[PDB]
Amino acid sequence: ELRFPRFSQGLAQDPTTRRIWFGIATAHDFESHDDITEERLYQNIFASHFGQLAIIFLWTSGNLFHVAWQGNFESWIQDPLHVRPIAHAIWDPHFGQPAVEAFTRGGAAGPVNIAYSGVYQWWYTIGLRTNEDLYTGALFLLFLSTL
Amino acid sequence: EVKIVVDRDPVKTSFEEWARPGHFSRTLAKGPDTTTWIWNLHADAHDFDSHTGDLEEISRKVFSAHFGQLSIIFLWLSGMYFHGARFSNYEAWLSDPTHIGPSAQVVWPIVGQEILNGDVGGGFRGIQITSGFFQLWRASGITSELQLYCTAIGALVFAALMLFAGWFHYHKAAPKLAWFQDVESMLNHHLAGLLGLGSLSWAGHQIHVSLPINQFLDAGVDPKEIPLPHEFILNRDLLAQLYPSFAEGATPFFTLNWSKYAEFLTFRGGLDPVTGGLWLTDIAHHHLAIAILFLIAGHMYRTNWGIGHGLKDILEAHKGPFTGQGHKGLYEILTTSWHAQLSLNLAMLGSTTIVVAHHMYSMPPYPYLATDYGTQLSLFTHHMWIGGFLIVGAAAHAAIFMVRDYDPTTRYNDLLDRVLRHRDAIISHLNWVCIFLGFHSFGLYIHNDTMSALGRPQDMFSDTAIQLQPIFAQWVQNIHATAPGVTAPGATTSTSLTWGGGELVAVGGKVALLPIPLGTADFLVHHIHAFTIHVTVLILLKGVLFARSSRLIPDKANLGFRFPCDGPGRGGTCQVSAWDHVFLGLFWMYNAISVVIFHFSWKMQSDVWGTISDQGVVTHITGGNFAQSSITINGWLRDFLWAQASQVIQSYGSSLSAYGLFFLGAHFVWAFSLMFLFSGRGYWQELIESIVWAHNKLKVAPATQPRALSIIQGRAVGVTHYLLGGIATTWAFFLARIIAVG
Amino acid sequence: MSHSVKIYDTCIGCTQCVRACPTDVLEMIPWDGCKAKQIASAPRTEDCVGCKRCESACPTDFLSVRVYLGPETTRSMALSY
Amino acid sequence: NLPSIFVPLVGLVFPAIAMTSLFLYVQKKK
Amino acid sequence: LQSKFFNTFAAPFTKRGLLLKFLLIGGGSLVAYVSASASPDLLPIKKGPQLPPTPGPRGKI
Amino acid sequence: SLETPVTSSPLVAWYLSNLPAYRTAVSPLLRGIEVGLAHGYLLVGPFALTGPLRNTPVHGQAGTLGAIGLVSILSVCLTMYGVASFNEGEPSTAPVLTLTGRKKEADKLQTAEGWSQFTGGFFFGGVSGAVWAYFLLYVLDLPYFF
Amino acid sequence: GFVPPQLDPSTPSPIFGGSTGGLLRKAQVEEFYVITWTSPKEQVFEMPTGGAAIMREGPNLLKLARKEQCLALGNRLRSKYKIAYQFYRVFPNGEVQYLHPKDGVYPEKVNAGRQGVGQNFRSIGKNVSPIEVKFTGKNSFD
Ligand SMILES: CC1=C(/C=C/C(C)=C\C=C\C(C)=C\C=C\C=C(C)/C=C/C=C(C)/C=C/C2=C(C)CCCC2(C)C)C(C)(C)CCC1
Ligand code: SF4
Ligand code: SF4
């Protein structure tokens, strides 16, 4: 290939910039690549599915850990109808004092936004109660992603 | 020399052709094998230059077309004057114009639209108007429905006469070439004859009819017993009673002591508090001086005699060092190609329409005009739109000339040759200026909005924060407010009142004009205007300069003016014809005009218009939040766009309800445009194919073979629908809002 | 070889393409499969720019000369810089 | 605390090194 | 005269790969340290809101 | 091509030929450090005076450190462009013909190693120019307005 | 093939001021083109990339960036003034190549001697579906 991209020789001979562009759109594609066969295609499909699952698992692990480190679940139990949820702490070096003012809500020690993804009702319906539960779940999910 | 040579009876008035469509185009006359024929028929009707090869016949044809146009204009004027006569409340409006809404259109009570005939005061019911005829009809002292009636009759007569003249001059006595191509005498006349004598005769009609009756009405009289106009010229003693000098016949004029007439011809300036309008003495002096100026200008060029210049004898002298030979031969180009003249005249006419729009609001000529808010607003925005359209047309036809009738072998020039020789430099530098202006005029708004939403107001761009001052504008305003002191002693006040010095003119508890201050918001909006104008100029100038041949396609010109593309080759060659350049530039001109008119509306309703209290405290229609809420796009949404859109949206179940309905259809079409602008053709062709199958199955397949519109026509219908939607939306918004609140 | 040209035996040897080829790609050669005893040929597909104007002319049943697209190059793209 | 360490890193320096690495890559010529 | 000083006081800064390494690691370390050692007087973030906030509609939630 | 007085004149060609980016009679590293100190003295002004801490007595050091950071970023960009476009043993691509036609030695400034010397010089010079502008703006600072 | 080239010489150029339509870096690094013809009389003609200029008597020599512009100008010269012409390609090594006629006779008409590069002896409908040829180098039109 002698240069990017490594999957289509026809592109590599494009001194026009569109090379880079089509060096992105036609990467995941497998039929159009050069020197591709059936069983190779299937093994690639398998590796890609594993990667996708790794991504999903890391995503949900991050959800859990962030709630566990800055969320409100524990003290949200005591009144799920008068204490808004919390998503994650704000650290924005572009704010002014009134910004920091109008974001510290729901009973926190800094600017935080309200978690709207419904994850609290989910993790509360099954019956979880403490931040330690969330830590354990996050560790398990992270190890599963690595696996 | 120059004579009256014409020809006799080329074409006979025979209906032989009306039953055969497309007689002009050889291909069209054969027959509609498909459905695209009936699009192509209308598409090239007026395309005169593609019907012959000699300029004589197309010149005759355009001579007749001008008569057609004038006949339509006269018929429109006649309809206007009629509807003023037989269907208005004009007399009641003249009784007292302070708080009586001009209405000149009633609707038939058939389908529930009686509500349209809303309450307009003065014992009348009718759709309120904003055309602004009434200020004119009060300036010209019409003051009687008989006058409107007879004027409509005379307009109809002139319309039929012009239509005749048209028919006769094309069919019977066709002018020849040496007549048309003779521009010297045409300039001579139109300078001296048409414009000058026009303004002179109008000064006549003003000093002998309008001025006295208007002064009487300002004194305050029922126009019933106001003396008729002719009874002001026949018996001199009336005008004698008014103006002592005017009872001296013609001695003080001929004997060069003109100062006697100083009473009715003067140079006061300013406005007239009795009506906020202009001192009719001033406008009369203006029209008369202008008449004299045009008359003395008209005598430039040699036509038949031995005096005077020649438009060939003027250009060739000018030849500078850098450019070289100068304008040599250009006279031949601008005399042998109609499209060139059409472009030049359309450009100048658009510019004049824009400057008329501007000069209107800041110097209300008519009486009781700067207090009928909707009229002023609607007039200004209409003139702005017309100017924009004319300019775009100018650019398009300039491109058409560049393609077809330009040729160096015989229509040579050494100036345009140089211009084209370095087109790349022009387009490159204009492009870079466009980027620079875009950044430093819109990113400023973006920064201001962001630093607002981040709770850092003291890092904003305003008067209360990091400050940008339009110092040159305030400098010029100061100069214009201190100029009547020394430089122009013959004046009384500033040329207008909008200059930053003086007092305010208010009639009937409402204000008409007062000083206008400029804040940082004005700086920003002015730079937005400059940027958008520069981008439109970039688009259109690139189209014109590259209509001949580009570095992408070598022989573009041979492919013609209007063609869709040059195939998907060489990486795709979509939209390379100058026609598509104009198609693009149209949207940007629309955007420029839209932002300009929005700015105007907000600035007026936030710093000038409004009401005045009994004590003298002013409470403007919107509260004067411009300099503090025009500097955030979110502001534009909140303070102006959302807020002032109330009156159109609650408008159901009221007189203004029509303005409500359009506010949706305007949007709707506006949508609809996308369907044509986004899609292509082949898809629609296949869909039409399947539909033709479904029909043919039932022995219904029409011989006029269905065909999805051609590409260029698709783009055309798209851009037309889009312009219609946008302009209708802003139209409904403006009318509903201003006529409800104001 | 950047783009690709193909010609099919429905060629009626009318010779409109060559007259309309912008960059001197096609030509005619003696054949025996029409009156004109001449068929197209594309031995200069390097300079084939890719505009369909050639096959926008062939007045046959559906077509007789096709222009199949492929990869890109410096000359197949009308580059001049 | 820890945000002040990490957010600036994943905002400026890590994206910078990623961008320059991918620049170097796509500009390769073997 | 000045050439020798300009050469010697920027002599190790000539190798290019080494230059990328040094600039990148130094920039990272510097920004991390200055942000971790940011003083609250010049940054409205390194300190909290320090005022009692507003409750949302419908009581507090 | 067209040759206007702008692109072709004694004084303009003289000026453009005298600035360091074309005086091939000097080592490339020295031209690099010269342009670097030039831009270093250049950029400190607006960055400091109009920064987001201008209303604070620290605005000086703030603007200067920001200028230094921008200089470092651009030096990174220079080195990256050089390693991208310049190979390590291949010839130069500099204009080797002057206006008259004197066949010029291939400008060592337009070499991989030469571009590297240029980048290093520019970075060091930018740092020096920034700190010099600081020391001349906040110690010996009477005859200016800021 | 008794159709030899002509080995483009260095003959004078048309009279033209020189403008922003000339060559760029590309021509100086990769390749450019030169068109050459003999003229019957000093007349005026519009260059492809802007404006117009005059030609001289005898042989001419014009340089250009891409072959398309050269051939467009050549077709203009053949349809406007009825004169023949050639155009050559140049490489920075110093090579010169002869491109357009390849025999002297226009490619517009028949001239035996040309091979048959790129024919398929089957109507267009006979082409096959990509599934029959997938996972190979071949394609339907081959
Ligand atoms: C009844 C009917 C129907 C339906 C219909 C519909 C549904 C319609 C719609 C419609 C829509 C949904 C919308 C619309 C819209 C419209 C419009 C929108 C129009 C306009 C017009 C005009 C004429 C305008 C004008 C103007 C303006 C205002 C601006 C500028 C100036 C001027 C004056 C030009 C059916 C089918 C059942 C059947 C048939 C009949
Ligand atoms: S692409 Fe079609 S048109 Fe363009 S050259 Fe090759 S053949 Fe002639
Ligand atoms: S395709 Fe049409 S044009 Fe080309 S050869 Fe066959 S027939 Fe002649």
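Tabulated results
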item: Hits in the stretch C:8-45 - residues which are within 10 Å of ligand 2 (Cβ to nearest atom) and more than 14 Å from chain B (Cβ to nearest Cβ); result: C:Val18, C:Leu26, C:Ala40, C:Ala42, C:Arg44
item: Residue check, B:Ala732 among the hydrophobic types (A, V, I, L, M, F, W, C) and out of contact with any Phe, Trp or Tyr (no Cβ under 7 Å at 6 or more places or on another chain); result: no
item: Any chance B:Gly718 is within 11 Å of ligand 1 (Cβ to nearest atom), small (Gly, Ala, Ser) and in contact (Cβ under 8 Å) with a residue 12 or more places away in the chain; result: no
item: Residue, surrounded by the most Cβ atoms within 10 Å (Cβ to Cβ), within the stretch G:96-109, restricted to residues that are farther than 21 Å from C:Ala40 by Cα and either out of contact with any strand residue (DSSP E or B) (no Cβ under 8 Å at 6 or more places or on another chain) or within 13 Å of chain C (Cβ to nearest Cβ) (or both); result: G:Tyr98
item: Subset of the stretch F:77-105 [more than 23 Å from F:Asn18 (Cβ to Cβ) and not β-branched (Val, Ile, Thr)]; result: F:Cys77, F:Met80, F:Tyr81, F:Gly82, F:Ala84, F:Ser85, F:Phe86, F:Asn87, F:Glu88, F:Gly89, F:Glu90, F:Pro91
item: Residue in the stretch E:20-32 that is more than 14 Å from the chain's Cα centre (by Cα), surrounded by 16 or more Cβ atoms within 10 Å (Cβ to Cβ) and at the interface with another protein chain (Cβ under 7 Å from one of its Cβ atoms) present; result: yes
item: Odd one out for B:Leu552, checked against (1) in contact (Cβ under 8 Å) with a residue 24 or more places away in the chain; (2) more than 14 Å from chain C (Cβ to nearest Cβ); (3) of a type in the set (A, V, I, L, M); result: (2)
item: Scope the stretch C:47-79; condition within 7 Å of chain B (Cβ to nearest Cβ) and in contact with a strand residue (DSSP E or B) (Cβ under 9 Å, 6 or more places away or on another chain); matching residues; result: C:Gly50, C:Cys51, C:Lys52
item: Residue under evaluation B:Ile597, criteria (1) crowded, with 22+ Cβ neighbours inside 10 Å; (2) within 16 Å of ligand 1 (Cβ to nearest atom); (3) not aromatic (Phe, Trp, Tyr), criterion not met; result: (1)
item: Some residue of the stretch C:39-52 being under 25 Å from G:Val105 (Cα atoms), aliphatic (A, V, I, L, M), away from ligand 3 (no atom under 12 Å from the Cβ) and over 10 Å from the mean Cα position of the chain (by Cα); result: yes
item: Failed condition for B:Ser651, given (1) within 16 Å of ligand 1 (Cβ to nearest atom); (2) within 27 Å of the chain's Cα centre (by Cα); result: (2)
item: Every pair of residues 6+ apart whose Cβ atoms lie under 7 Å, when the first sits in the stretch F:133-146 and is aromatic (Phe, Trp, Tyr) while the second is exposed (fewer than 11 other Cβ atoms within 10 Å of the Cβ); result: none
item: Residue within the stretch C:53-73 that is among the acidic types (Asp, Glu), part of a strand (DSSP E or B) and buried (at least 16 other Cβ atoms within 10 Å of the Cβ) present; result: no
item: Qualifying positions in the stretch A:103-147 - exposed (fewer than 14 other Cβ atoms within 10 Å of the Cβ) and in a helix (DSSP H, G or I); result: A:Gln121, A:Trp122, A:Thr125, A:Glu132, A:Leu139, A:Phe140, A:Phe143, A:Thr146
item: Check on B:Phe322, farther than 30 Å from B:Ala284 by Cα and either out of contact with any strand residue (DSSP E or B) (no Cβ under 6 Å at 6 or more places or on another chain) or outside any helix (DSSP H, G or I) (or both); result: yes
item: Residues of the stretch B:549-580 that turn out to be away from ligand 3 (no atom under 16 Å from the Cβ) and in a loop (DSSP other than H, G, I, E, B), as a count; result: 22
item: Any chance G:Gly74 is on the phi > 0 side of the Ramachandran plot and among the small types (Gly, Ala, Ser); result: no
item: Test: B:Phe640 is within 27 Å of B:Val525 (Cβ to Cβ), within 16 Å of ligand 1 (Cβ to nearest atom) and surrounded by 17 or more Cβ atoms within 10 Å (Cβ to Cβ); result: no
item: Per-region count, the stretch G:110-138, residues more than 7 Å from chain C (Cβ to nearest Cβ), under 24 Å from C:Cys17 (Cα atoms) and assigned to a loop (DSSP other than H, G, I, E, B); result: 3
item: Condition met for G:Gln86 (more than 13 Å from the chain's Cα centre (by Cα), surrounded by 13 or more Cβ atoms within 10 Å (Cβ to Cβ), under 24 Å from C:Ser41 (Cα atoms) and within 12 Å of chain C (Cβ to nearest Cβ)); result: no
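Please note: Cβ atoms are built from the backbone with ideal geometry, for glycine as well, and neighbour counts cover all protein chains shown. Laboratory data are not the source of any read-out in this text; all were calculated from the coordinates shown.
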